[PDB]
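Below: one structure, written as structure tokens.
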RNA sequence: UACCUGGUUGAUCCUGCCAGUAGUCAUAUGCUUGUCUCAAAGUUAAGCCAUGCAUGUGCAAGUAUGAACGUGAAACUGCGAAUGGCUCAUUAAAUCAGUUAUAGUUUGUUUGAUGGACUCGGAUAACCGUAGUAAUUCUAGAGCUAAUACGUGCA
RNA sequence: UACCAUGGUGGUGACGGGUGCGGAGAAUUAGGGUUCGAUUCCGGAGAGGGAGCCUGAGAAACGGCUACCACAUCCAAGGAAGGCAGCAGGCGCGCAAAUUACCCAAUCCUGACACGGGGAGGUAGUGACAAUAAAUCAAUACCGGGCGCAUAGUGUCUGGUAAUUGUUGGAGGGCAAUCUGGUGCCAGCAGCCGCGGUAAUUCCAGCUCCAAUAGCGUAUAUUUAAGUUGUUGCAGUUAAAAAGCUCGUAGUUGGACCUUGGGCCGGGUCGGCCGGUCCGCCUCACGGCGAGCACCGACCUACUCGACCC
RNA sequence: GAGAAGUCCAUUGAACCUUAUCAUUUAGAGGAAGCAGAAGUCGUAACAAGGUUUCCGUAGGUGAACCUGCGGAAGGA
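Protein chains in written order, with our numbering: chain A, 35 to 234; chain B, 1144 to 1338; chain C, 14 to 143; chain D, -18 to 123; chain E, 32 to 294.
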């Protein structure tokens, strides 16, 4: 949540009961919008954003799994990746494709299953690309001991009830697999998000 | 309380003269009783070091001893410290020695190797020589004192911690007789017999 | 039940006996134990005579030592197979101090403890040949 | 040993048996009793001693708040106890002496020994020698 | 203390090694005892096949046979005659003549004590024991005492008076003494439970100990030995079990090392 | 480290138990505490309770505003008082744990999604003026007044 | 809730009875187990006892009602009136546990649009109920005794005096520690043993000895020892103990050889909160506290391989 | 068009009294002598082949310890 995470960037001394003022000073944005709100939640890939003579930060995970801010380039700040968490199927070809941040999208755009990711800008709420969960694509791992690592998908195993594990080629060192829930896709041949040092 | 252990330690060291033998337990115990005594530190306390020593993996005997360079110990090899529980010990409480540029003033901490022990400038220049000098001088005076004095238990000079005792002049005699008649009948005991 | 104990007892009793060798009836699991015994040089060799058509088999197992002391200083059963008292790859409680070996029908087959340990397998201990 | 350790439907039978055989004491304790109990007594009597030797200790019977009447031993030399009073009882075990299941340890109104030293917190007195007993007597009266 | 143990090789397996070496021989198996008889017979057939008779005595032969009757003479050993023990301790000296004999100037029941050398001798304990006779019941005493050199062997002896029993007792432990091989800085070679009667007397290699077998631990030259000896606090039996431990050690290396025989 | 030692006996060994000894609690007796420093803090009555007090917001939630001087403030409406606290009486149970199921279902508010500046009227509390069982607690006969709380027309 | 079917469950313990919250965890003990289940974290439950309802998104509501009963209260005595197992504090029960105190500064949350509120929570007062470190001695000169040298005298440590420098437990044995005075199986003592029957190693006092030492023992509870509930870790011939013996099951187990599957196994990857426990680092003079980091966790859930044995 | 006081049927469905019984704490009608302290009486059983060898199932019966009939045993001559 937004408070905790801005508050995380501070942890030197002297806010928390004073907290309320940072938000009021309207100097914080989430995904390019104004929110001044003390109960607000934020999560992975949200872009968070400071003054004026200022900067931009991306919510990421550290190697253990807690959400933390990382400095982000202005260029990257423009975009966000949204994982398709669920689907209520249908219209025409529309699934209602739920995403991880809690965003709706109804409809085309050419594809789309859970675990695929949508590359979206920010101002318009336009979908630039879809990053498929398939072998050959790169992913970042969202939770656990295994957290905070990236890899290329070697193969996916599907079973009954759910697609159980995703196997990765990789590492600078060796091979590892995780359940699909863990896997967040970040790059394909056509479009990557990956320029962040590395890794087991 | 501290005087007394040092006296025992000294007795064990010397010799011939009166005495019989021992038992089983007493052998294991008595040895344990010397090595704490050099340090003039408590038994809760050797055993607490001993327990961390048992808990660290390695060759059991050695680590307790091998990790006996503790700040107190160390000063003793360096020879600046007259005996461990010395005036220098008291000096450690005075804050005179340094470890890592920082001060501590418990003797109990455990020193690791390649640590620097030096004095400190401020503490060289003692607060309470001045005051002693002060009288002399242009005033009064009157001496000294170690003590063996007291104050409580109770003058003579042989005194206190510890002890002297004294409280001399009993007379207990009567009171037992006063418990020999008193404690007698009645109060016993419904015996209806007749010969 | 299982034979197992008889084979074991027969061996140590034999050693005390200073008997040249011993014989009895056998399986794959009690050939298997015997083989492990040979592999870790407990016994000189073992044979299974008449092994093809007759109603039974037997197994001539030769004991190693002869002389002075006997190779098998001590062998005891602990718990046979089908089973429980069970160990894990790691759980390996034991005797000797690696001087001896413990025949363990693992998952993989009947192997010695060291192999199973490597083998990354647990199984059921047969006995502690010393 | 019987089975030792197998499978197919079988651990349970001699789990049952062990509880059942149980020596010691079940369901903590109280068929008289335990805990610190303050019985106010008015019986001073003398009772005999166990099969090995004789004596005649002076005892005082006490009836407990938790409804029981038994004989309790008093330790320490000398003693007095009065209107009621409330004397607090440890209920320690000898492993046995007849009818004497408990003893009343020193506690409030239960006094301690003729002004001494020697010792003073077994067999017990007051400040230096005495001082406590003088005050003690006063309490019950007013 | 710890644990298997590891390092190094030959160095490590040294010490009492010689008593180990000989001693491996002399118990079990066909050579040694146990009873050794028919096993002789079984022996006679092999050796012939090997060394071979040259067939009219002559030169060669006379030697060879006496090179056979010496493993046989050695085989006899039941570990209450010195052999293995002897060679280790030192020795030479006039004193040696006297011990193998025969009563020269000394020896009647004595003469091994001088040879072994310095060592502490502490009384373990003294016990009573009262035995009832016609006129009156006669107080005795039985004292168990250990001086030990570097092996281990506990002694119990009695006399109707307290002082004489111990004096002879002191000899009694040192003579008929057996060296367990320690293997480490006062560590047992491998875990062994020794039992006589109803005493469960197990030793394994961990910490210090308590009671009767603790003072025993010190004197064998063990310093870490975790001895759970349970079924009696009766001290005469407690030491007695433990002696039977500390002489017939029978670790793997003992089993493997055998190859050799000696003059 | 853990390991034991006393008592069945004239004396012994074995079975076997009592008892000491070792550690420990959410506890008591307590004699006795110069000290820095942190900590437990009614498995007795889920007995019974006096006294203060444990929930508030209009400088962009809401039209209005007696009285106080655009500024504060009493009632109505919205959000809240269900969170939290504490006690294990009930309590062997799909109660709870751990794994799944849930399109067999809810989620207001919010984060997020989807839909979307003509004219208006209606009565009401505070404030008031008196009151009944009346010292009462309490609320009404009652003047006056304001509603993004209400009712509508509606692409 | 109608109608139709008469069922479903239990020798693998159903239904029932008693029990001086369940899990995360605590304490032990080398490991195993035993024990404990709680105040805290988490979930559930109830607010004097019990049912029902409105309100509100959410209540079947400690700080709402209704209202029978239980019990205090107010009364101008007609009628109202209450919820501390929430803080502080009373009462009595009992062995026994705190100020009728202070503050939202921190910490988190309710409120809403920006500063407001809180007995949530923190403080300080009380308080050796877990923890630890330090005193009080101590360092040093000089007379008197012993040991390293060699009548003596040298080198070194003690038993006192001179200079400067920052209490409680026990002492026959268990079990560690032999006076003197007084009593004499009387009185009292020891948790077993045993001591007192007049010169007491056990009472009691005082000296002395000493274990530990701002703590100590004593009792209760609990565990180890006690392999004395034994799985690891034991008996049943004379020690508690072999069923009088059989016929037979549910229930433990299974001689040889070949082959197929694969419930019992490796790698896994999820979760295994925090706190605590262990390592090590610094932070308040030290420490324990506390902070920050690391390392370990059974077991249980996906996936795939694998088959000797059940 | 809204709909106060209100009265009735049906349902969930409180508390006193009606059961009848079981449980707990208790006391207790009247009664049997199981163990125990040492300070008692009775006999002398068992204890040595115990002066009739012990013990045992079983019934009878005796002041009682016990006796004995029958059969069995050697922990018995």
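Even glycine gets a Cβ: it sits at the ideal position worked out from N, Cα and C.
- Here residue 139/A is buried. Its C-beta has 16 or more other C-beta atoms within 10 Å.
- Restricted to the segment 93 to 136 of chain A, the alpha helix (DSSP H) segments that are unbroken, complete and at least 4 residues in length are 108 to 111, listed in chain order.
- Judged by pairs of C-beta atoms under 8 Å, the segment 54 to 69 of chain E does not touch the segment 107 to 118 of chain D, as fewer than three such pairs exist.
- At a cut-off of 7 Å between C-beta atoms, residue 82/C counts as an interface residue with respect to chain E.
- Below 8 Å, enough C-beta pairs join the segment 32 to 51 of chain D and the segment 79 to 90 of chain D to call them touching: three or more.
- Those residues of the segment 28 to 57 of chain C placed with their C-beta closer than 9 Å to a C-beta in chain D do not exist.
- Looking at the backbone, the Cα of residue 43/A and that of residue 161/A are separated by about 30 Å.
- Taking all protein chains in view, the Cβ of residue -18/D is surrounded by fewer than 16 other Cβ atoms within 10 Å, so the residue is classified as exposed.
- Bounds of any alpha helix (DSSP H) do not take in residue 237/E, whose DSSP letter is neither H nor E.
- Put simply, of 51/A, 148/A and 56/A the residue whose alpha carbon is nearest the alpha carbon of residue 117/A is 148/A.
- Comparing alpha carbon positions, the residue from 127/E, 80/E, 129/E and 71/E closest to residue 104/E is 71/E.
- One alpha carbon belongs to residue 126/A, the other to residue 87/A, and they sit about 47 Å apart.
- Within chain E, the residues placing a beta-carbon under 8 Å from that of residue 113/C are 283, ordered along the chain.
- The secondary-structure analysis by DSSP pairs residue 1205/B with nothing; it has no beta-bridge partner.
- The alpha-carbon separation between residue 1282/B and residue 1195/B amounts to approximately 56 Å.
- For residue 82/E, there is no enclosing beta strand (DSSP E); the enclosing alpha helix (DSSP H) has its first and last residue at 69 to 82.
- For residue 1326/B, the chain D residues whose Cβ falls inside 8 Å of its Cβ are 39, 58 and 59, in order along the chain.
- Under a criterion of Cβ atoms nearer than 7 Å, no residue of chain B is adjacent to residue 273/E; the nearest Cβ is some 14 Å distant.
- Residue -13/D has a beta carbon lying within less than 7 Å of a beta carbon in chain C.
- Contact annotation: in the segment 91 to 109 of chain C, residues whose CB is within less than 9 Å of a CB in chain D are 92, 95, 96, 97, 98 and 99.
- Around the CB of residue 62/D, 16 or more other CB atoms lie within 10 Å, so the residue is classed as buried.
- A Cβ of chain E is located within less than 7 Å of the beta carbon of residue 86/C.
- Under the 7 Å criterion on CB atoms, residue 221/E is classed as interfacial with respect to chain C.
- Using a C-beta cut-off of 8 Å, the segment 258 to 276 of chain E makes no contact with the segment 76 to 84 of chain C, since fewer than three inter-stretch Cβ pairs fall below that distance.
- Excluding sequence positions up to five before and after residue 104/D, its CB lies within less than 6 Å of the CB of 57, 93 and 94, all in the same chain and listed in chain order.
- Residue 1227/B is a Cβ neighbour of residue 1182/B, given a cutoff of 7 Å.
- Taking 7 Å as the cut-off between beta carbons, the residues of the segment 61 to 77 of chain E near chain C are 61, 62, 63 and 70, in sequence order.
- One thing to note: residue 82/A has its Cβ within 7 Å of the Cβ of residue 64/A.
- Under the DSSP assignment, residue 229/E falls outside any beta strand (DSSP E); it carries neither an H nor an E label.
- Taking all protein chains in view, the Cβ of residue 159/A is surrounded by fewer than 16 other Cβ atoms within 10 Å, so the residue is classified as exposed.
- For residue 1322/B, no beta strand (DSSP E) segment is defined; the enclosing uninterrupted segment is the alpha helix (DSSP H) at 1316 to 1323.
- The beta-carbon of residue 55/E is placed less than 7 Å from the nearest beta-carbon of chain C.
- Per DSSP, residue 150/E lies in no alpha helix (DSSP H) segment and is marked neither H nor E.
- Beta bridge pairing from DSSP links residue 114/C with 142/C.
- In this structure residue 176/A is in contact with residue 218/A, their Cβ atoms being roughly 5 Å apart against a cut-off of 8 Å.
- When DSSP states are grouped into helix, strand and coil, residue 1338/B belongs to the coil group.
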